[PDB]
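J.: One structure, as structure tokens, below. Some questions next.
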Amino acid sequence: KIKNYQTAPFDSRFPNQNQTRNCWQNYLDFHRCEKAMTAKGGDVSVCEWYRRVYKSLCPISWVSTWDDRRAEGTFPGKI
Amino acid sequence: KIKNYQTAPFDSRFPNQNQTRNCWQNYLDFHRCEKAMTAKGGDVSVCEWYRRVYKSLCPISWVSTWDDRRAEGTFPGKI
Amino acid sequence: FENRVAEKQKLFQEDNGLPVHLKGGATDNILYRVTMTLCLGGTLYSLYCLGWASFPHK
Amino acid sequence: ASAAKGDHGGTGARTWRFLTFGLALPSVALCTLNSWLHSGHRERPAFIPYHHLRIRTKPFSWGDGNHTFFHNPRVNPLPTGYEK
Amino acid sequence: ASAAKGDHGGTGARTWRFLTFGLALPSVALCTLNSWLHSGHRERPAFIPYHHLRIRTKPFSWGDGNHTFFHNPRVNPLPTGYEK
Amino acid sequence: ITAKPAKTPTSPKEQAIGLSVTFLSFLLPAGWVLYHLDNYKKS
Amino acid sequence: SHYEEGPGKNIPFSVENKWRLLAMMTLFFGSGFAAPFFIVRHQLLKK
Amino acid sequence: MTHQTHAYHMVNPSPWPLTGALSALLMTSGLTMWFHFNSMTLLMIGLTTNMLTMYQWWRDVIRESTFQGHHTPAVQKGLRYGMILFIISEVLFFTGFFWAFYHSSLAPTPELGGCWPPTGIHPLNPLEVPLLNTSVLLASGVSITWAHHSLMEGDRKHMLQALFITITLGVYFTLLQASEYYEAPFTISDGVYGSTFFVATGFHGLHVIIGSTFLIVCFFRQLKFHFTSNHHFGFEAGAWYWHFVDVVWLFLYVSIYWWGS
Amino acid sequence: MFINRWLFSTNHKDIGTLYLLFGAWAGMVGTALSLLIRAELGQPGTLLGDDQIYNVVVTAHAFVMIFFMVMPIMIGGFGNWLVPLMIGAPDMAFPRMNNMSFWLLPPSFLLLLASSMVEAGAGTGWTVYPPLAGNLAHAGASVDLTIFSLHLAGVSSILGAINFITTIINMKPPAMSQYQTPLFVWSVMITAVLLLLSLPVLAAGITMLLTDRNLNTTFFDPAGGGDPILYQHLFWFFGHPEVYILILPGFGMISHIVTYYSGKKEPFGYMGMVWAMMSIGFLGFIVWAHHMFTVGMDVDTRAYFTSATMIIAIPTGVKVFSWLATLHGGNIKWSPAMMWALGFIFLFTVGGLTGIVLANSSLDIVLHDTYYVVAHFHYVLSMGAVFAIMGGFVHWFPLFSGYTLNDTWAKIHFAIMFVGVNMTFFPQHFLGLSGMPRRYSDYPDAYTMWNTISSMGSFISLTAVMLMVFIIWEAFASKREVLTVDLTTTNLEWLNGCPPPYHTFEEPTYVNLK
Amino acid sequence: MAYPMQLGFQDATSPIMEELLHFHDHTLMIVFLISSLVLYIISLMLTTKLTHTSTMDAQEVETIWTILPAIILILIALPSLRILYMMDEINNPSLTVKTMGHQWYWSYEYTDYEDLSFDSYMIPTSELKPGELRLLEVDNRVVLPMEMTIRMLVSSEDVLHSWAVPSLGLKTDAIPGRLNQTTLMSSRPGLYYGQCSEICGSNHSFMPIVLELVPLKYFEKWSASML
Ligand code: HEA
Ligand code: HEA
Ligand SMILES: [Cu+2]
Ligand SMILES: [Cu+2]
Ligand SMILES: [Cu+2]
Ligand SMILES: [Mg+2]
Ligand code: NA
């Protein structure tokens with residue numbers, strides 16, 4: 001259980017200069033965990049990790065547009 | 001939230017006569033959810049669904065051997 | 001080396017009534033007989049093994 | 001699948017005529033039968049304003065500049081949704 | 001990648017000799033240099049008794065029937081784990 | 001198809017014998033084994 | 001080569017005597033038909 | 001029974017077919033004795049009579065062509081079809097193994113971890129030795145072509161030289177492949193991955209040896225002037241077979257070494 | 001010298017003869033085995049004692065009839081004897097290799113016999129599917145001996161295919177095109193192509209079964225990630241072509257027989273006839289999965305395989321109708337051979353229609369693995385292949401021997417066999433529809449009547465084959481040599497007299513390039 | 001089940017099996033047509049002294065005998081495929097039962113809620129109570145609720161087996177390491193028999209399947225009594 005978080009650590013799944021997927025994946029994963037934990041009457045405190053990570057890595061503007069998209073239901077990712 | 005479960009319903013991901021993946025996937029998914037919810041101090045009651053499904057579909061012998069494997073740490077699936 | 005093909009053409013075209021597998025001389029004959037012996041001997045040997053295995057030998 | 005129709009799939013105008021009418025053309029008829037004993041009509045897809053579709057960075061230089069070239073109203077929605 | 005070395009990659013024994021010594025063989029030397037300026041030694045993999053590996057439904061008809069043909073002790077564990 | 005007459009004709013009697021021998025070579029060996037099926041089955 | 005030719009001469013068995021032929025044919029097809037029956041017997045006699 | 005007025009070859013009665021057939025019996029049952037009653041005698045006898053048969057059968061074919069001149073143009077044309085048809089069946093033989101591979105790797109089973117390569121398998125790196133092998137074989141495709149041309153142009157020295165290079169390259173591949181087999185961290189008993197890998201490349205490896213000795217035979221026949229600038233079918237076949245071996249490897253490389261790992 | 005001639009042959013005629021002899025012998029073994037089958041099923045209860053012996057017998061029956069009787073006789077026998085004679089060739093392209101094709105057969109047969117003698121034999125079914133054929137359920141040398149027999153038989157036929165194709169393509173008179181070679185020759189060329197392409201996939205398949213049993217591979221063992229279904233795909237990829245390979249030479253012979261006894265110069269629609277065999281040959285390579293409809297494949301692929309399987313009836317239809325059109329207006333000679341051909345045309349049609357029923361994957365669910373399929377293939381094989389083999393045999397027997405058969409006895413023979421086989425197999429359609437599985441050594445009481453009638457029909461056929469042996473004896477015993485043969489103008493094989501000399505076409509035919 | 005001297009299919013217990021009976025009637029009608037046509041033509045050809053041994057033009061009739069069969073095949077295929085798709089049709093089952101073939105018996109598993117498992121062996125002919133069917137009786141039948149969509153999953157623990165029940169229109173091979181699904185649905189209560197339909201060794205003929213269909217209510221109590 002980590003909240004002694006400094007910043008997103010090295011992730012072997014995304015080992016190269018291009019980190020586009022790292023942001024994306026963590027953004028997705030979070031909203032998927034959040035949905036599951038909210039949809040099965042549970043704790044979203046498990047989904048925290050992903051939010052910290054995607055928050056550290058994703059540009060503000062990307063996060064904003066993705067959220068807006070999810071609101072209007074045009075978010076292309078399958079959450 | 002379902003416990004008014006009759007049996008595993010039709011799952012479009014596995015639409016054909018071969019249901020080998022259906023059992024497998026639900027077995028994996030459960031143990032992965034169980035681990036997350038236990039590893040982030042949470043509720044495993046979310047993971048219930050998968051256990052019911054994989055329990056319905058998986059032959060007893062498969063479930064037994066996979067469990068034994070997980071105990072000895074030779075379970076090939078990445079949990 | 002040197003081209004002695006013409007010389008071998010003559011040896012093999014020589015009307016000695018010998019089939020090609022023997023037309024080459026006395027050695028063709030020993031090879032032939034060695035080959036046929038091993039084949040027949042081995043075939044007999046295999047038939048024997050087939051027999052032994054046919055019956056429960058344990 | 002694989003293939004093997006005995007021999008003669010080469011040499012002789014008669015042979016290629018034979019293949020043209022005995023194999024090529026019949027294949028076309030079969031695929032035509034199939035492509036018509038299957039091809040009916042796909043129900044027009046539900047319209048959802050995805051941003052990565054119906055792109056318009058510059059208006060088309062024809063018509064009202066908002067309709068693609070082979071625009072089909074039954075199946076191609078404008079950026080605002082289906083036409084009629 | 002792609003390829004294009006000007007022309008003459010066809011017709012003349014001199015041309016194929018030219019390609020043999022000017023392209024084919026040099027490629028072999030380069031791949032040899034590479035395959036040796038890289039090939040050192042992979043640390044022997046951690047042994048974990050997976051059931052889908054080190055299969056033995058019938059003993060091999062040679063040796064002690066538990067060692068594969070080109071058994072390499074440094075990298076090939078028996079079903080019970082590495083040898084020595 | 002036309003043919004010369006038989007060089008060594010097989011009279012009816014000879015045929016009867018030939019037919020008998022043939023049938024027997026097929027029926028005897030098999031009848032023997034089959035008749036004794038029990039003697040083998042009981043072990 | 002100098003192999004013989006004509007009716008009854010292009011075969012690996014002599015057809016000069018109809019009764020000796022009767023015997024060879026009998027043995028031939030006979031052994032063939034008999035084999036399966038003795039194999040079944042052989043199998044019944046091991047257990 | 002006169003003088004023949006057709007260009008075909010009527011071959012003298014030969015014992016080799018019988019002997020070769022008997023060899024097959026000895027090897028298969030010899031293999032049966034080895035696998036079950038742990039003995040190699042029969043198999044050994046079988047292997048021996050087989051070589052003796054191949055040696056003598058092909059010796060006679062040389063006698064009949066180079067020495068007796070029976071290979072008229074009609075006969076040669078026949079031999080060409082025979083070779084091609086033979087290669088074709090070899091292609092289908094290998095197709096069974098590629099099918100097995102694709103079947104297993106595209107639908108990995110739960111017992112493997114439901115992924116390819118199976119969990120627990122450490123595949124070789126295709127940019128190392130396997131890249132080398134690839135360059136060695138293709139290079140020999142080039143040198144054998146130079147050999148062919150030297151031959152058609154009547155250049156004995158260069159034909160021998162080019163042929164020699166081709167051969168050392170094929171030998172080189174064999175040694176490299178043998179080293180890899182030894183160094184490999186997985187074995188034939190390592191599930192469908194090791195099964196697929198070793199029988200497919202093992203059979204190919206066996207074909208590389210068959211092609212090499214075929215070329216070695218062509219080498220010696222050339223040393224003894226058997227080939228003329230226009231009649232050299234033994235070499236053409238040797239070459240076609242070599243390119244087949246070359247191509248099959250390319251498929252292994254892309255399928256099993258690259259894509260499959 | 002018996003040796004030089006009979007063991008070291010390089011003569012297409014003598015080799016062809018050797019094949020007919022081997023095939024005749026194997027047919028006795030196969031017939032015996034078929035009787036043990038019906039003996040067991042002729043009365044409720046068990047006769048053999050242990051059902052593994054039954055399974056061993058059922059398996060051997062299939063391999064013998066298919067690999068050691070039908071193929072050697074049709075391809076090796078009639079193929080070698082007639083092919084060169086019909087195109088005016090001196091011999092086959094590779095006469096020495098041809099001899100090895102033959103000599104690989106006795107060893108191969110020996111191995112098959114050996115497999116049923118060591119251990120408990122191979123009771124796997126002719127499909128020899130794993131795991132049942134694996135080193136656990138069938139431990140011991142048996143299955144391996146079976147696999148090796150198949151390797152030798154495969155090598156034999158692959159080598160034979162190369163010979164036939166090369167010969168047929170390279171050794172015709174310079175002016176004669178492929179479209180001027182008789183239908184039998186075409187039939188054996190197409191068959192050779194099928195053998196060339198299918199046999200190697202089988203060899204690959206059974207080599208994988210062999211390594212699984214002895215080298216610890218797991219191509220078909222789920223434990224290692226293998227899949228028993230992979231075997232089925234490889235086996236049947238060879239297996240469907242094989243069934244067409246067993247009937248094509250017969251299509252060829254039937255065309256020659258119907259043409260001859262109708263007094264025609266040529267068969268009706270010669271090119272439609274060539275087109276049909278090519279089509280059948282081609283489509284025969286893309287329908288294999290119709291043998292796996294209960295295995296669990298996606299519904300879409302099952303729909304494809306039933307659709308594809310059905311188109312094969314179109315080209316087959318043009319052949320059946322062409323044979324009938326050939327009879328049209330003919331001056332018919334009711335010879336034994338013609339009788340065999342008329343039976344073939346009808347019986348084959350019945351067996352083929354029945355196969356159309358089975359082509360439906362939906363319907364095959366309930367028919368698969370029942371006696372309905374045993375009825376189908378016995379109609380097309382026991383009354384297709386075999387009937388062609390008999391017609392061809394009595395028709396050309398005088399060309400091979402120089403002697404004639406007693407035509408009346410031959411007709412008696414046909415009549416008996418016609419009754420025997422129908423009595424034997426017709427009832428089996430009932431058993432299948434009503435649910436009786438295949439490969440069973442005993443059955444619920446309800447299926448008694450049909451199995452009883454069926455086993456009785458099998459003894460009638462037994463009488464017919466014993467009778468046949470006699471018929472051959474009497475022809476050789478009586479020695480009526482042939483004088484003149486009809487229609488030689490359109491039947492080259494007869495032009496050199498009966499029997500033709502050791503060496504035929506020593507001086508080529510003369511054919512103008514008009 | 002099958003009765004003495006039966007000719008056709010066993011009476012249909014389910015709706016798809018009914019569908020198949022009718023589809024088979026349809027196809028058989030056609031095979032009678034063709035086979036009778038071919039026999040009439042053959043007899044027509046062989047009954048006249050009129051001759052015409054010279055050549056006849058090939059092509060002309062070849063089209064009738066290519067187009068006609070093509071039409072007839074489409075008439076068999078359409079229905080065939082329709083049913084083929086129905087059998088696989090997206091069904092929503094109310095119970096899932098698994099069956100596992102073994103070398104010489106079938107074992108069943110109902111595990112939706114409980115962990116109910118039992119073996120099912122053939123009753124030896126010498127232990128048959130009068131009135132019992134010789135090689136068809138099993139000691140422990142597989143009880144299921146009539147009039148409900150059950151999902152059966154078939155697999156095996158050793159060699160291949162095939163789980164079949166003619167009356168219901170079912171046959172699904174049991175393959176080690178694979179779970180095959182089929183959909184069962186009976187429209188009547190009763191006992192329905194089937195037999196192993198894939199050679200599995202020495203006792204392949206002796207491992208029947210007996211289904212017992214009763215109302216839901218009785219299925220539940222039975223489940224509980226079986227543990
Ligand atoms: C001589 C060999 C032979 C031949 C020629 C064929 C020909 C056909 N067979 Fe079959 N068959 C076998 C031998 C043969 N078969 C064997 C051995 C097996 C079982 C193997 C095993 O499992 O052990 C088998 C099994 C088998 C199956 C597997 C069933 C199962 O296991 O559940 C199927 C499936 O479709 C099938 C179909 C066909 C078809 C569609 C034809 C078609 O080729 C038939 C075409 C012929 C006609 C159609 C009749 C003539 C045509 C007309 C008069 C024109 C008019 C016709 C129409 C418009 C319909 N056969
Ligand atoms: C060519 C193929 C062939 C032939 C001809 C036959 C012939 C016979 N077969 Fe069949 N049989 C098969 C191939 C064949 N069979 C196959 C593939 C199987 C499946 C095996 C499996 O399930 O794995 C099978 C299985 C099988 C079964 C099912 C067993 C079971 O499921 O348990 C039955 C049962 O009745 C049967 C019976 C018969 C009978 C009574 C004959 C009788 O007709 C025998 C009568 C004699 C003849 C009809 C032929 C005589 C011809 C000659 C002697 C040659 C003459 C020679 C010259 C002139 C040169 N066979
Ligand atoms: Cu088929
Ligand atoms: Cu079973
Ligand atoms: Cu069974
Ligand atoms: Mg089956
Ligand atoms: Na019985």
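Ligands are numbered from 1 in the order shown, chains are lettered A, B, ... in the order of the structure tokens, and residues start at 1 in each chain.
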I'd like the neighbourhood of range 15-31 of chain A as number ranges by chain, where a residue qualifies if any of its atoms comes within 9 Å (using only C-alpha atoms), though same-chain residues fewer than 5 positions away should be ignored.
T.: A: 10, 36, 47-59, 63, 77-79
J.: Please determine the contact residues of chain H with respect to chain J at a cut-off of 10 Å, counting only C-alpha atoms, and supply them as a tab-separated table (two decimals) with N, CA, C and O atoms, in the first residue's frame.
T.:
chain	number	residue	atom	x	y	z
H	109	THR	N	-2.38	-23.18	-25.37
H	109	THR	CA	-3.28	-23.75	-24.38
H	109	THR	C	-3.02	-23.28	-22.92
H	109	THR	O	-1.94	-22.81	-22.59
H	110	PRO	N	-4.03	-23.40	-22.04
H	110	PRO	CA	-3.92	-23.00	-20.64
H	110	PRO	C	-2.76	-23.62	-19.93
H	110	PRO	O	-2.11	-22.96	-19.11
H	111	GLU	N	-2.46	-24.86	-20.27
H	111	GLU	CA	-1.37	-25.59	-19.64
H	111	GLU	C	0.03	-25.06	-19.98
H	111	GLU	O	1.03	-25.51	-19.43
J.: If we count only C-alpha atoms and set the cut-off at 12 Å, which residues sit around residue 26 in chain G, ignoring sequence neighbours fewer than 4 positions away in its own chain? Please answer as a CSV table (one decimal) with N, CA and C atoms, in the first residue's frame.
T.:
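Output saved as around.csv:
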chain,number,residue,atom,x,y,z
F,18,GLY,N,-11.8,-79.6,-58.6
F,18,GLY,CA,-11.1,-78.4,-58.4
F,18,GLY,C,-11.9,-77.5,-57.5
F,19,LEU,N,-13.2,-77.4,-57.7
F,19,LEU,CA,-14.0,-76.6,-56.9
F,19,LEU,C,-14.1,-77.1,-55.4
F,20,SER,N,-14.1,-78.4,-55.2
F,20,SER,CA,-14.1,-79.0,-53.9
F,20,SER,C,-12.8,-78.7,-53.2
F,21,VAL,N,-11.7,-78.9,-53.8
F,21,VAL,CA,-10.4,-78.6,-53.2
F,21,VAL,C,-10.3,-77.1,-52.8
F,22,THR,N,-10.8,-76.2,-53.7
F,22,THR,CA,-10.7,-74.8,-53.4
F,22,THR,C,-11.5,-74.4,-52.1
F,23,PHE,N,-12.8,-74.8,-52.1
F,23,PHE,CA,-13.6,-74.5,-51.0
F,23,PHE,C,-13.0,-75.1,-49.7
F,24,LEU,N,-12.5,-76.3,-49.7
F,24,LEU,CA,-12.0,-76.9,-48.6
F,24,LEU,C,-10.8,-76.1,-48.1
F,25,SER,N,-9.9,-75.7,-48.9
F,25,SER,CA,-8.7,-75.0,-48.5
F,25,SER,C,-9.1,-73.7,-47.8
F,26,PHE,N,-10.3,-73.2,-48.0
F,26,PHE,CA,-10.8,-72.0,-47.4
F,26,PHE,C,-11.5,-72.3,-46.1
F,27,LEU,N,-12.4,-73.3,-46.1
F,27,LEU,CA,-13.2,-73.7,-45.0
F,27,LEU,C,-12.5,-74.5,-43.8
F,28,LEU,N,-11.7,-75.4,-44.1
F,28,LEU,CA,-11.1,-76.2,-43.1
F,28,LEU,C,-10.2,-75.5,-42.1
F,29,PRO,N,-9.1,-74.8,-42.5
F,29,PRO,CA,-8.3,-74.1,-41.5
F,29,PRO,C,-9.1,-73.1,-40.6
G,18,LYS,N,-2.2,-78.8,-64.3
G,18,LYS,CA,-3.4,-78.2,-63.7
G,18,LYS,C,-3.6,-78.7,-62.2
G,19,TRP,N,-3.1,-79.8,-61.9
G,19,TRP,CA,-3.3,-80.3,-60.6
G,19,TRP,C,-2.2,-79.8,-59.6
G,20,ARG,N,-1.0,-79.6,-60.1
G,20,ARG,CA,0.0,-79.1,-59.3
G,20,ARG,C,-0.3,-77.6,-59.1
G,21,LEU,N,-0.9,-77.0,-60.1
G,21,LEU,CA,-1.3,-75.6,-60.0
G,21,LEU,C,-2.4,-75.5,-58.9
G,22,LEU,N,-3.3,-76.5,-58.9
G,22,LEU,CA,-4.4,-76.5,-58.0
G,22,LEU,C,-3.8,-76.5,-56.6
G,30,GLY,N,-5.0,-69.9,-49.7
G,30,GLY,CA,-5.3,-70.6,-48.5
G,30,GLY,C,-4.5,-70.0,-47.3
G,31,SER,N,-3.2,-69.9,-47.4
G,31,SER,CA,-2.4,-69.3,-46.3
G,31,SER,C,-2.9,-67.9,-46.1
G,32,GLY,N,-3.2,-67.2,-47.2
G,32,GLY,CA,-3.7,-65.8,-47.0
G,32,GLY,C,-4.9,-65.7,-46.2
G,33,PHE,N,-5.9,-66.5,-46.5
G,33,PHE,CA,-7.2,-66.5,-45.8
G,33,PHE,C,-7.1,-67.0,-44.4
G,34,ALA,N,-6.2,-67.9,-44.2
G,34,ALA,CA,-5.9,-68.5,-42.9
G,34,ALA,C,-5.2,-67.6,-41.9
I,25,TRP,N,-3.4,-61.8,-52.8
I,25,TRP,CA,-3.1,-62.5,-51.5
I,25,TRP,C,-3.6,-61.6,-50.3
I,28,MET,N,-7.2,-61.8,-49.5
I,28,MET,CA,-7.7,-63.0,-48.8
I,28,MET,C,-7.6,-62.6,-47.3
I,466,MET,N,-14.5,-67.6,-53.0
I,466,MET,CA,-13.9,-68.9,-53.1
I,466,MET,C,-14.1,-69.3,-54.5
I,469,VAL,N,-11.6,-67.9,-56.9
I,469,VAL,CA,-10.3,-68.5,-57.0
I,469,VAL,C,-10.3,-69.7,-57.9
I,470,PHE,N,-11.4,-70.5,-57.9
I,470,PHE,CA,-11.6,-71.6,-58.8
I,470,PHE,C,-11.6,-71.2,-60.2
I,472,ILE,N,-10.2,-68.8,-61.7
I,472,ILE,CA,-8.9,-68.5,-62.2
I,472,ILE,C,-8.2,-69.8,-62.4
I,473,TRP,N,-8.5,-70.7,-61.5
I,473,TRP,CA,-7.8,-72.0,-61.7
I,473,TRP,C,-8.3,-72.6,-63.0
J.: Please identify every polymer residue within 7 Å of ligand 4, using only C-alpha atoms and all ligand atoms, and present the set as a PDB file with N, CA and C atoms, in the first residue's frame.
T.:
ATOM      1  N   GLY J 101     -15.413 -37.960 -19.667  1.00  0.00           N
ATOM      2  CA  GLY J 101     -15.282 -39.340 -20.074  1.00  0.00           C
ATOM      3  C   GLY J 101     -14.061 -39.864 -19.406  1.00  0.00           C
ATOM      4  N   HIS J 102     -14.064 -41.150 -19.118  1.00  0.00           N
ATOM      5  CA  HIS J 102     -12.930 -41.808 -18.494  1.00  0.00           C
ATOM      6  C   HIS J 102     -12.910 -43.170 -19.113  1.00  0.00           C
ATOM      7  N   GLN J 103     -11.776 -43.836 -18.983  1.00  0.00           N
ATOM      8  CA  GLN J 103     -11.688 -45.148 -19.509  1.00  0.00           C
ATOM      9  C   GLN J 103     -12.557 -46.103 -18.742  1.00  0.00           C
ATOM     10  N   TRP J 104     -13.738 -46.065 -19.330  1.00  0.00           N
ATOM     11  CA  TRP J 104     -14.890 -46.864 -19.141  1.00  0.00           C
ATOM     12  C   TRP J 104     -16.027 -46.543 -18.296  1.00  0.00           C
ATOM     13  N   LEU J 160      -9.972 -40.109 -26.052  1.00  0.00           N
ATOM     14  CA  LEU J 160     -11.132 -39.407 -26.567  1.00  0.00           C
ATOM     15  C   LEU J 160     -12.352 -40.252 -26.290  1.00  0.00           C
ATOM     16  N   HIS J 161     -13.496 -39.610 -26.118  1.00  0.00           N
ATOM     17  CA  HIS J 161     -14.750 -40.313 -25.907  1.00  0.00           C
ATOM     18  C   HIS J 161     -15.731 -39.430 -26.630  1.00  0.00           C
ATOM     19  N   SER J 162     -16.969 -39.863 -26.775  1.00  0.00           N
ATOM     20  CA  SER J 162     -17.909 -38.988 -27.400  1.00  0.00           C
ATOM     21  C   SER J 162     -19.199 -39.186 -26.627  1.00  0.00           C
ATOM     22  N   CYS J 196     -21.130 -44.320 -25.757  1.00  0.00           N
ATOM     23  CA  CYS J 196     -19.872 -43.692 -26.125  1.00  0.00           C
ATOM     24  C   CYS J 196     -19.727 -43.814 -27.645  1.00  0.00           C
ATOM     25  N   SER J 197     -19.451 -42.689 -28.283  1.00  0.00           N
ATOM     26  CA  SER J 197     -19.316 -42.640 -29.717  1.00  0.00           C
ATOM     27  C   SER J 197     -17.931 -42.259 -30.297  1.00  0.00           C
ATOM     28  N   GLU J 198     -16.862 -42.764 -29.679  1.00  0.00           N
ATOM     29  CA  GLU J 198     -15.467 -42.591 -30.123  1.00  0.00           C
ATOM     30  C   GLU J 198     -14.689 -43.726 -29.469  1.00  0.00           C
ATOM     31  N   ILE J 199     -14.052 -44.523 -30.328  1.00  0.00           N
ATOM     32  CA  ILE J 199     -13.344 -45.702 -29.884  1.00  0.00           C
ATOM     33  C   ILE J 199     -12.373 -45.270 -28.818  1.00  0.00           C
ATOM     34  N   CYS J 200     -12.454 -45.953 -27.678  1.00  0.00           N
ATOM     35  CA  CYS J 200     -11.655 -45.590 -26.521  1.00  0.00           C
ATOM     36  C   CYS J 200     -10.990 -46.745 -25.887  1.00  0.00           C
ATOM     37  N   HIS J 204     -15.052 -49.831 -25.062  1.00  0.00           N
ATOM     38  CA  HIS J 204     -15.705 -48.735 -25.745  1.00  0.00           C
ATOM     39  C   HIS J 204     -17.193 -49.019 -25.932  1.00  0.00           C
ATOM     40  N   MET J 207     -20.114 -48.229 -22.052  1.00  0.00           N
ATOM     41  CA  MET J 207     -20.119 -47.042 -21.228  1.00  0.00           C
ATOM     42  C   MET J 207     -21.209 -46.128 -21.709  1.00  0.00           C
TER      43      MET J 207
END
J.: Could you list the residues in chain C lying within 7 Å of chain H, using only C-alpha atoms, and format the result as JSON, numbers by chain?
T.: {"C": [3, 5, 8, 9, 12, 13, 19, 20, 21, 35, 36, 38, 39, 42, 43]}
J.: I need the residues from that last selection saved to file as a short mmCIF file (atom, residue, chain, number, x, y, z; two decimals), in the first residue's frame (with N, CA, C and O atoms), if you can.
T.:
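And here's again25.cif as it stands now:
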data_model
loop_
_atom_site.label_atom_id
_atom_site.label_comp_id
_atom_site.auth_asym_id
_atom_site.auth_seq_id
_atom_site.Cartn_x
_atom_site.Cartn_y
_atom_site.Cartn_z
N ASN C 3 41.78 -36.44 -67.54
CA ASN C 3 40.52 -36.97 -68.03
C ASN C 3 40.60 -38.40 -68.54
O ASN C 3 41.00 -38.65 -69.67
N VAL C 5 37.89 -40.35 -68.66
CA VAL C 5 36.50 -40.75 -68.86
C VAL C 5 36.37 -41.68 -70.06
O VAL C 5 35.73 -42.72 -69.95
N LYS C 8 37.02 -45.29 -69.36
CA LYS C 8 35.95 -45.96 -68.59
C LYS C 8 34.72 -46.24 -69.48
O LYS C 8 33.97 -47.22 -69.26
N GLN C 9 34.52 -45.40 -70.50
CA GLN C 9 33.43 -45.58 -71.45
C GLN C 9 33.67 -46.92 -72.14
O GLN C 9 32.77 -47.75 -72.22
N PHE C 12 33.05 -49.98 -69.90
CA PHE C 12 31.62 -50.23 -69.70
C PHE C 12 30.79 -50.52 -70.91
O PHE C 12 29.67 -51.02 -70.78
N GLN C 13 31.30 -50.21 -72.09
CA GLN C 13 30.59 -50.48 -73.34
C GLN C 13 31.00 -51.82 -73.94
O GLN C 13 30.37 -52.32 -74.88
N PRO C 19 25.71 -57.37 -66.65
CA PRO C 19 24.78 -56.29 -66.35
C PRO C 19 25.62 -55.18 -65.72
O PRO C 19 26.67 -55.45 -65.13
N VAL C 20 25.19 -53.95 -65.87
CA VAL C 20 25.94 -52.81 -65.37
C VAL C 20 26.46 -52.91 -63.93
O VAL C 20 27.57 -52.47 -63.64
N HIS C 21 25.73 -53.57 -63.05
CA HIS C 21 26.19 -53.63 -61.66
C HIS C 21 27.37 -54.54 -61.42
O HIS C 21 27.85 -54.60 -60.29
N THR C 35 26.51 -57.08 -49.86
CA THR C 35 25.25 -56.44 -49.68
C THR C 35 24.14 -57.45 -49.55
O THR C 35 23.38 -57.41 -48.60
N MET C 36 24.05 -58.38 -50.49
CA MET C 36 23.00 -59.39 -50.45
C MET C 36 23.06 -60.25 -49.21
O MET C 36 22.04 -60.68 -48.69
N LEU C 38 24.33 -59.40 -46.08
CA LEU C 38 23.86 -58.64 -44.96
C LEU C 38 22.34 -58.48 -45.01
O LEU C 38 21.68 -58.66 -44.00
N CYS C 39 21.77 -58.19 -46.18
CA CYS C 39 20.33 -58.02 -46.29
C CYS C 39 19.58 -59.26 -45.89
O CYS C 39 18.69 -59.19 -45.05
N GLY C 42 20.35 -60.18 -42.15
CA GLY C 42 19.62 -59.27 -41.28
C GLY C 42 18.13 -59.51 -41.33
O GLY C 42 17.45 -59.36 -40.33
N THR C 43 17.62 -59.87 -42.49
CA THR C 43 16.21 -60.12 -42.62
C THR C 43 15.86 -61.32 -41.77
O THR C 43 14.86 -61.33 -41.08
#
J.: Can you write out as JSON lines which residues of chain H fall within 8 Å of chain B, alongside each residue's closest atom pair and its distance in Å to one decimal, counting only C-alpha atoms and ordering rows by chain and ascending residue number?
T.:
{"residue": "H:110", "atom": "CA", "partner": "B:24", "partner_atom": "CA", "distance": 6.6}
{"residue": "H:111", "atom": "CA", "partner": "B:76", "partner_atom": "CA", "distance": 6.7}
{"residue": "H:112", "atom": "CA", "partner": "B:76", "partner_atom": "CA", "distance": 6.0}
{"residue": "H:113", "atom": "CA", "partner": "B:77", "partner_atom": "CA", "distance": 4.1}
{"residue": "H:114", "atom": "CA", "partner": "B:77", "partner_atom": "CA", "distance": 6.7}
{"residue": "H:119", "atom": "CA", "partner": "B:76", "partner_atom": "CA", "distance": 5.9}
{"residue": "H:120", "atom": "CA", "partner": "B:76", "partner_atom": "CA", "distance": 7.9}
